[PDB]
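Structure record follows, encoded as structure tokens.
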Amino acid sequence: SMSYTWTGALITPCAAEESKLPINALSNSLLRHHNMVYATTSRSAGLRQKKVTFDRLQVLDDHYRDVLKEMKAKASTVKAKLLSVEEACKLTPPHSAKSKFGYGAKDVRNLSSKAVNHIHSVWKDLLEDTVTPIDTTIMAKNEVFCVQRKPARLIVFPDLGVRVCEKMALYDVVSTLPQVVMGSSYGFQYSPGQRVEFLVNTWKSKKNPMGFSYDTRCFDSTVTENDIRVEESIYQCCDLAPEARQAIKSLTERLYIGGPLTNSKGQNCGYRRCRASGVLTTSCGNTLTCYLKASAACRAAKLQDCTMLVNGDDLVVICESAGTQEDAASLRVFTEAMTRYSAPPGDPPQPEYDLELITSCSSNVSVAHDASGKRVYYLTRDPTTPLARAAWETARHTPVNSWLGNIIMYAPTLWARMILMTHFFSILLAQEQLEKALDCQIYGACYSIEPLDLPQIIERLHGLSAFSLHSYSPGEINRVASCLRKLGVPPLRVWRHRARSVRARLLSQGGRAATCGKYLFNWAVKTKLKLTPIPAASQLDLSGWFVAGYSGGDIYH
Ligand SMILES: CC(C)CCn1nc(-c2cccs2)c(O)c(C2=Nc3ccc(NS(C)(=O)=O)cc3S(=O)(=O)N2)c1=O
């Protein structure tokens, strides 16, 4: 069937949309080539609609069914709980889209009886009706990039009341099931450092390693009714409350499988017969389905000693090489199998024989050295999109602060330490907002973070070496430098100079601020300070951080 059917009604914005980089007095200090930075808007949604709209054919063989049977046997060991209304309410982000039924996210969060009473009526309807298609809103995402323009990605989501019900029924499932079913292959269980450790140990476990990323063209669109019904059969293997079982069945038939699409003006835009990008099960559904298809495809291609790492629609495989000719042929067969399973490639996969050249989750393993001179592996990425988004965030307040997320996830990197830390700590110092908690996203879920906690966060996630890495690789330094030239970002020597000032200003304020100066900016000074474990670091509750993925899933932790 067709992934989408369209009526011709446009995908409409809620409010005015900026596509051009906003500029203030701080912009030039970061980036001079403003015209290179843009945000996507609903006005390019037509282009996206064209790309995501196609027929899906699916041919399912014994490998597919064999892997599914294995997955189900593991799912059957999972026991999952129903969340209360109140528990589900507390998982709603403060900025989540308001209900069409007279209440918003903040009414959900502080648990007003209007919100709570509607939520109950939604739940009751789910239990009583397993057929009526549930309404969804289709919107265009506003995301920032550097020109290379990408059309807007689409987001499809049900009403706020339904989203809370999804959490009640499925939050425990989507949080616990994927690691049980997929074990070490489940990517969202890893911090960046643990991801590096897994990739490196896997690479080294092979006699002659080969790895590749597989890019599915428009993954959500390739997901079929079969796929979504199979995913439900996996959920239903769990030990569940009777009401959970019914709600999951109902959500599957009425929402997950497909449904009508409505724009922000209330017009019917058409119909979806593929994955909704804005449901709770988006991440877990995509992970299970990608893993199922890929595992079966590995068997079809007879890949030798293959290890998979899956994060939603993101796939990387490491296996034993048979030489370049046989590897290329193996991947073509793998790709043929994936295509039959309705997961055709965007760019055809290519075998890689250098781990540092494998890009997965937009990231790669690289190498630097700690204070002792000992090689340390760490995760990095091309800094282009992070810097483009930081530029937007320099002039505009955003609901999600990518700079803060990037500092957390990419703390050991050259570009995050020298540029992101320096730039944004300077901004926080000048406003005296160091103590003000900010929202960021990690694996799809929203977290409120105090920037003054960064040293403890970084020590806990990455270890003290993150504050002492040096002697980065020629490939990494060159990539950072090339990016700076492209965006017109000042050279790293300027950032070192600025950092010396930022560090001194932080130290002068004492307390947590001085700790930020000491640890985050020890790189900036000729004669360093001795870096010891921060006492307050053990106090932070970082449970729940790298448990599961929740992209589009409306989760606040
Ligand atoms: C450093 C780490 C270890 C690697 C790079 N990286 N970085 C980030 C962050 C960097 C700064 C702040 S979050 C991150 O949140 C993700 C990430 N991965 C995903 C991959 C694939 C999907 N596809 S789906 C829609 O679920 O089918 C969704 C996600 S996600 O939205 O959950 N986020 C990530 O992979």
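All chain A residue numbers match Swiss-Prot; in order, they span 2420-2567, 2573-2981.
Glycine too: its Cβ is placed from the backbone N, Cα and C atoms.
Features as listed in Swiss-Prot:
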- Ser2448: phosphoserine (MOD_RES)
- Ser2461: phosphoserine (MOD_RES)
- 2633-2751: domain 'RdRp catalytic' (DOMAIN)
- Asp2639, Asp2737, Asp2738: Mg(2+) 2 binding site (BINDING)
Neighbourhood of ligand 1 - recorded positions from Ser2448, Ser2461, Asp2639 with Cβ under 6 Å: none
Where the model skips 5 residues between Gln2567 and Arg2573, distance between their Cα atoms in Å: 7
Euclidean distance between Cα atoms of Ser2448 (phosphoserine) and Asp2738 (Mg(2+) 2 binding site), Å: 35
Helix, strand and coil totals (DSSP H, G, I; E, B; other) for the domain 'RdRp catalytic' (2633-2751): 53 helix, 32 strand, 34 coil
Residues within 8 Å of the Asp2639, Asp2737, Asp2738 Cβ centre (excluding the Mg(2+) 2 site residues themselves): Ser2637, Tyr2638, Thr2640, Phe2643, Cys2714, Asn2735, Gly2736, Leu2739
Pairwise CA distance, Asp2737 (Mg(2+) 2 binding site) versus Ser2461 (phosphoserine), rounded so that it is a whole Å: 24
Between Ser2448 (phosphoserine) and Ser2461 (phosphoserine): CA-CA distance (Å): 30
Packing count at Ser2461 (phosphoserine) (other Cβ atoms within 10 Å of its Cβ): 22
